[PDB]
Amino acid sequence: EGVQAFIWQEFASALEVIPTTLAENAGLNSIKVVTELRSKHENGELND
Amino acid sequence: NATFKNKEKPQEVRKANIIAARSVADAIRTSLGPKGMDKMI
Amino acid sequence: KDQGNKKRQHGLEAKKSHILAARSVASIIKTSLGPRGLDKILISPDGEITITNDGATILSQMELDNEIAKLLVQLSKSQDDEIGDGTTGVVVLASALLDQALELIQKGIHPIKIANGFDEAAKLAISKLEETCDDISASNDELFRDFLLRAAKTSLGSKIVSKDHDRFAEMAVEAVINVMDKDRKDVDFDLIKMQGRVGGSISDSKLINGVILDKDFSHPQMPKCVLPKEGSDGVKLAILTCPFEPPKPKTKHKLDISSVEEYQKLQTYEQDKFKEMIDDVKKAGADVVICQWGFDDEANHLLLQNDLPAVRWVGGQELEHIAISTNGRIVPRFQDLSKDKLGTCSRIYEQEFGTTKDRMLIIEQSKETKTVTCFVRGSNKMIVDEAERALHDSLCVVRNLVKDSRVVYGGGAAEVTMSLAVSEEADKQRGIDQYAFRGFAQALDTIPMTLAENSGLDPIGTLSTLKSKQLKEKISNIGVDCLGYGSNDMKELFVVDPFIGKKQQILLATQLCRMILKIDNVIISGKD
Amino acid sequence: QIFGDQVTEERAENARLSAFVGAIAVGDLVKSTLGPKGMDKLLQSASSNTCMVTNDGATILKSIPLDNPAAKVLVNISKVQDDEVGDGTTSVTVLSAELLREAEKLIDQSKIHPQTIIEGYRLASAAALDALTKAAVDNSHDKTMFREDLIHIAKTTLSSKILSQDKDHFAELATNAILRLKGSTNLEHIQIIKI
Amino acid sequence: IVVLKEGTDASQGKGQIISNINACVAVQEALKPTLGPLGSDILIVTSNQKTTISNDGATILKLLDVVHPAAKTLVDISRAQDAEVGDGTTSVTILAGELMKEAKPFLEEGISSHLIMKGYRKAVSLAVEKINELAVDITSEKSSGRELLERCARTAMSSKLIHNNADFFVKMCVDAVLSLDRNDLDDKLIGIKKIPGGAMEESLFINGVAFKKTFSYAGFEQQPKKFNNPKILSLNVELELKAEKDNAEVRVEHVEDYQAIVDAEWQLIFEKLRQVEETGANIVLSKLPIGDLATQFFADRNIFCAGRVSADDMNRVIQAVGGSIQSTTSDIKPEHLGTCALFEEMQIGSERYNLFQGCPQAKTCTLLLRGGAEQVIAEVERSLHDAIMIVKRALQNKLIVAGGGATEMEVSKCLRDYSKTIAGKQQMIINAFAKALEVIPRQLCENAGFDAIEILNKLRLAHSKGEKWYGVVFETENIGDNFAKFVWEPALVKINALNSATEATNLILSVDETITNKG
């Protein structure tokens, strides 16, 4: 509740920078990579 | 309603520092990973 | 053609420029959202100063050279008739959607995918609203009428008429009942005429069951009233469109008298025509003569001698209103006039409002009719304008409520519920759909935040508290303090917005967002 | 570009700055004229052949052109004083300017919409009016003379009317209907039965 | 003492050609988002401040009218294509822009424009030959000018109520368009009537026009129900014992005079009814009710009559039978009489329905639908309307080629293959033209939000083997056989578009200098 929820949401959104940078440097589509990772995480936690 | 006056303007300095730090971070970002781009200085 | 002084944007700055223009347009009325929205000063080119917070009025009077802003304003002009009171909310929602689309594009999402995802999110939000809607008409007729009156009073209270707004709400409800039937549950605003003038007070409002026809009866000696004649069959109206004069040349005329023979011939012709017309009127049995055109001096004298008050220059729509109210028919000519086509009305008398000395003529039925006129008065032009706007808003709200029994509650509670549902559904759909749903939910979050800001509350804390209350405990109608309220949970405060109104707001916002996003190239020529 | 004909909406910051400061500046035109010991102000025409000096706040406000829309709005709203009382326009303008200045100072200390400021001003005005009503005194001593004057006025007004049938009776009725109320004299407190 | 150039000169040679190429590139970029049904719209504000948002290429070109001479030539060619064909204007502009882009590097390398134009002409010839080869016109492959229409109708009715029974409705839909002028097709010429009763598979196809019962006066079922040599004649206002039109109110104070007047009018009507027979009108139709006297006379004379015919039905019947409408009986002429092979009343649905059959020369037809409920017949009618529209569109251009870039991919592949056997300088131009032809699928994918690079690579890999109908699927991002999905474009339209684009390219590239005179 309060500003804490918004700041935590912003922190979580910022946490996705690392995979985005890895996808960009690897020549892969950032959106595709992040969507596939999130979809696969429905079953896995860290191995994907 | 009534809140803090905020007479001073530390926001200018804070935003300038944030902009400089973000520029440096963006410059360093492209080197992440095995396929990271090389930097020449 | 007109290549010089031609500007265009495409490929690099088109999307950013369009989104920034839309945001700038929205910021004009963003602070005016809600009943306590801040007012804006609008000044005519002649120097007339007016104060109002109506977003539709602010945008309608604003002209600009920006193409995206012009398109947004034009769309809002058309939407003003569809909803009226939701223009500011739709504009704000569209601006928030465009702001989110900016970030989505910055992430590499094509505009078409953004539009499709926004459409899907709007569908999901409408489904959630339908699921969470409540029925008032299906619960109790007394409660339904109470809610209609409450909505009318809420609409009226934002203006100066709040002192005695009950009369306006009652008149609006009576007009809706008289004009609207339950077969279609749609109010025909064309049959609800809005008329008024500066003067009097807010208590002079009156609902008329027919046309006004504030005419001077042409001849000074012509009687200004048509009495029921002590219990007679009301007043018989001669609905005519042919002018009450003989045919005349259109080139020279100058039918002067030079000798006895010409005088005799011209008098014979003119008197024969006038006598034919007046005899037809008398045989028809009409008590009052109504013509689409004026009357000649001889016609006026004959009507005065026969005690036949005359009405001059009645418009086609006025003639249709006369026919509807009096159950009559329009007769093209005098020769076609008969008792079988005359209309009947209770009386045609002069009515005084407050201190007004005009003594305007009004046609009254005193019975249920399919056409009515909402008469509005006030001590100032601003009062009259605000009263008319509030009456229009109340009529639209009543029409929406009657059309669909499902209703939602204001104060952003519906927006918060839709945002929560969209956020929950976003994690279930993979791909660009997740980003689109998250953006749509964030855009929906804008409305409650704007309302809180306009009310002096912190949008962040207010929105977080609303989400917590609507998620951890249960789904309810909890909004922001738009007005002075003891607490939250509008459900107990009786702040109700029609379900159809909210659905139309969401659909129009989505359509406007698609229209702005789907334009990827703008070309404007010079000016002469 | 928005609107046109030199009538365009100003930036929010500058718009609010104008709305407050320009409206407050109207008081400075009449602040020096407040009270019987006020100063004089010189109004000069373009030709300089019709310049005059006056200490009337209403004349100063209505004669000096005001380009800022906020000043126009303030003057138009304050004009109600002339119709209601016909005097004290200077005091109304000065008080409005001071209230606007205080509200501007509060906003500079809060940077939040003045709706709460409006509510606070409403409450303070209600309290001040209640105190003023409490502090008022009555000079209506010898109410018998006032009743006689009311009877005479009623008789004067009833002339040439249908009520002239019993002038004294109707004058007494009218005088009683006002005197015996011991409060508001509005027509809503007086009922007329027509039979 | 008069100067037109105001002392301003201009260069000539490859520089002006490159400037024209740049102008064409600007025009192509401007019109790029409008390509394809999924393309974006363009907002244009005229000198009068009128704002128009549209996606059609012709409207955009008319509103813009770029003053640049190369852009003027492109606009003129696009307008010519739109006027002569009306389809492919945007594609023509895009192809011309792409060809101009490809020509730029050749000019930069010193290649004369004449060689480029000759190579483009040769590539156009090869592309036309390959499109003609790819064009589908088959009989023995279970498809033809009629069987293909049946397949299209079945596809249109797919996932519908009558999908399982499409085997019979496809024939009706195809015959509806084929039963009238094949060079002039119109949906308004294919009517549908709903008759309750019977199975949906029992629906009847009527070559002529049919309508429900409209006669409800004396003599019903007392007149012939079948005609082998019918004569259809529409008489406007007679068929009554008393005049209906242009009549007057007559008041008579004596019984004898009124009776005499009525008898005279009846005798006049008797003479008119006799003349009706004398005119050889075996079928009498009218939009107004027919009296008992006329029906009795016609029944006694073996003549069929039916009044209260709706205007649309009467007009359709007249057009199908080739007759006309006569104001009076005395003015009936033989040239106004229509004839069909057989006219009869159908008893399906516990009611008699009039229909004209065996009239191949009819300009319109009617479909008779059967079913157990009105809702089922309504669904059948909707499916039949969809199938009729689809088959009409298919028949308007029977010569078809695979759509969704399949034709472009095939032409590009063929040109690339030929370039290996055209050894010489023309190889570069052939390869450039083949690459340019691939712009259409690229821009279509880009406007649709698809991954243009991946889709193009997959399409190129796939087209090298298998069928020649592989293209881009715009419903779900993928590639596949568009022809199997019933997605195609006219071959003639594509050929005309390519010809127009190449003509524009040759015209613009053939200009070395432009001179403008003040005026």
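Summary table
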quantity	calculated
Members of region E:15-38 found to be out of contact with any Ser or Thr (no Cβ under 8 Å at 6 or more places or on another chain) and either more than 9 Å from every other protein chain (Cβ to nearest Cβ) or more than 26 Å from E:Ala448 (Cβ to Cβ) (or both), listed by number	E:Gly15, E:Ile18, E:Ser19, E:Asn20, E:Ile21, E:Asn22, E:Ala23, E:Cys24, E:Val25, E:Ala26, E:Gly36, E:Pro37
Selection count, region C:381-431, where residues are surrounded by fewer than 24 Cβ atoms within 10 Å (Cβ to Cβ) and hydroxyl-bearing (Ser, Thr, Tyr)	2
Subset of region C:274-322 that is assigned to a strand (DSSP E or B) and aliphatic (A, V, I, L, M) - its residue that is farthest from C:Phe244 (Cα to Cα)	C:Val288
Residue satisfying all of: in region E:39-72; away from chain C (no Cβ under 12 Å) and crowded, with 20+ Cβ neighbours inside 10 Å; nearest to C:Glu67 (Cα to Cα) among these	E:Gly57
Top-ranked residue of region C:30-66 - restricted to ones that are part of a helix (DSSP H, G or I) and within 12 Å of chain D (Cβ to nearest Cβ), ranked as farthest from the chain's Cα centre (by Cα)	C:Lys30
Residue count for region E:476-519, restricted to those that are within 30 Å of E:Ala10 (Cβ to Cβ), surrounded by fewer than 18 Cβ atoms within 10 Å (Cβ to Cβ) and of a type in the set (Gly, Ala, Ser)	2
Residue within region A:33-41 that is farther than 24 Å from B:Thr30 by Cα and either hydroxyl-bearing (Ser, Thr, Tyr) or within 14 Å of chain B (Cβ to nearest Cβ) (or both) present	yes
Any hit, region D:70-78, residues being in a loop (DSSP other than H, G, I, E, B) and hydroxyl-bearing (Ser, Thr, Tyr)	no
One residue from E:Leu115, E:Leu95, E:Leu63, E:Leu107 being within 30 Å of C:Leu75 (Cβ to Cβ) and either without any contact (Cβ under 8 Å) to a residue 60 or more places away in the chain or not polar (S, T, N, Q) (or both)	E:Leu63
Lone unmet requirement of (1) loosely packed, with under 11 Cβ neighbours inside 10 Å; (2) within 14 Å of chain B (Cβ to nearest Cβ); (3) closer than 18 Å to C:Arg438 by Cα for A:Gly27	(3)
Helices (runs of 4 or more DSSP H) lying entirely in region C:406-507 (those with 2 or more residues that are in contact with a helix residue (DSSP H, G or I) (Cβ under 7 Å, 6 or more places away or on another chain) and aromatic (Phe, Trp, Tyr))	C:432-454
Positions within region E:177-196 being surrounded by 15 or more Cβ atoms within 10 Å (Cβ to Cβ) and not aliphatic (A, V, I, L, M), in sequence order	E:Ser179, E:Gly191, E:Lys193, E:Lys194, E:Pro196
Of all residues in region C:146-179 being of a type in the set (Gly, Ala, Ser) and over 22 Å from C:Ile136 (Cα atoms), the one that is farthest from the chain's Cα centre (by Cα)	C:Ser162
Qualifying positions in region C:373-387 - more than 15 Å from the chain's Cα centre (by Cα) and among the hydrophobic types (A, V, I, L, M, F, W, C)	C:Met382, C:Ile383
Residue within region E:239-251 that is part of a loop (DSSP other than H, G, I, E, B), buried (at least 20 other Cβ atoms within 10 Å of the Cβ) and small (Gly, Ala, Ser) present	no
Qualifying positions in region E:299-352 - basic (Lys, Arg) and crowded, with 19+ Cβ neighbours inside 10 Å	E:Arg316
Residue within region C:343-352 that is in the same structural domain as C:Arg167 (by CATH) and in a loop (DSSP other than H, G, I, E, B) present	no
Test: C:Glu453 is farther than 22 Å from C:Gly86 by Cα and either of a type outside the set (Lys, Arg) or over 33 Å from the mean Cα position of the chain (by Cα) (or both)	no
Evaluation of E:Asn517 against (1) more than 14 Å from chain C (Cβ to nearest Cβ); (2) among the polar types (S, T, N, Q); (3) in contact with a helix residue (DSSP H, G or I) (Cβ under 9 Å, 6 or more places away or on another chain) (one fails), failing number	(3)
Exclusive hit being in contact (Cβ under 8 Å) with a residue 60 or more places away in the chain and either farther than 30 Å from E:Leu38 by Cα or within 14 Å of chain E (Cβ to nearest Cβ) (or both), set C:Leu471, C:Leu508, C:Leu466, C:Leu512	C:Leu512
Matching option when the condition is farther than 23 Å from C:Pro220 by Cβ, touching an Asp or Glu at 6+ places or on another chain (Cβ under 8 Å) and not in a loop (DSSP other than H, G, I, E, B), among C:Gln264, C:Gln271, C:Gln335	C:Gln335
Those residues of region C:83-118 which are charged (D, E, K, R) and out of contact with any helix residue (DSSP H, G or I) (no Cβ under 6 Å at 6 or more places or on another chain), in sequence order	C:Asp99, C:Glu103, C:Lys107
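Residue-by-condition table, conditions (1) among the acidic types (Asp, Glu); (2) surrounded by 11 or more Cβ atoms within 10 Å (Cβ to Cβ):
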site	(1), (2)
D:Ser96	no, yes
D:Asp108	yes, yes
D:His113	no, yes
D:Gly120	no, yes
D:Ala128	no, no
D:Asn139	no, no
D:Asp142	yes, no
D:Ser160	no, no
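Residue-by-condition table, conditions (1) in contact with a helix residue (DSSP H, G or I) (Cβ under 7 Å, 6 or more places away or on another chain); (2) away from chain D (no Cβ under 14 Å); (3) hydrophobic (A, V, I, L, M, F, W, C):
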| residue | (1), (2), (3) |
| --- | --- |
| B:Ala2 | yes, no, yes |
| B:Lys5 | yes, no, no |
| B:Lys9 | no, no, no |
| B:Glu12 | no, yes, no |
| B:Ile19 | no, yes, yes |
| B:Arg22 | no, yes, no |
| B:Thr30 | yes, yes, no |
| B:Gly33 | yes, yes, no |
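Per-residue answers, yes or no, for (1) in contact (Cβ under 8 Å) with a residue 40 or more places away in the chain; (2) within 24 Å of C:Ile43 (Cα to Cα); (3) more than 14 Å from chain C (Cβ to nearest Cβ):
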position: D:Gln1; (1), (2), (3): no, yes, no
position: D:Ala15; (1), (2), (3): no, yes, no
position: D:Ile24; (1), (2), (3): yes, yes, yes
position: D:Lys72; (1), (2), (3): no, yes, no
position: D:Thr90; (1), (2), (3): yes, no, yes
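All of this is worked out from the model, or read from it or from the source named; none is laboratory data. Cβ coordinates were reconstructed from backbone atoms using ideal geometry, including for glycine residues, and neighbour counts include every protein chain displayed.
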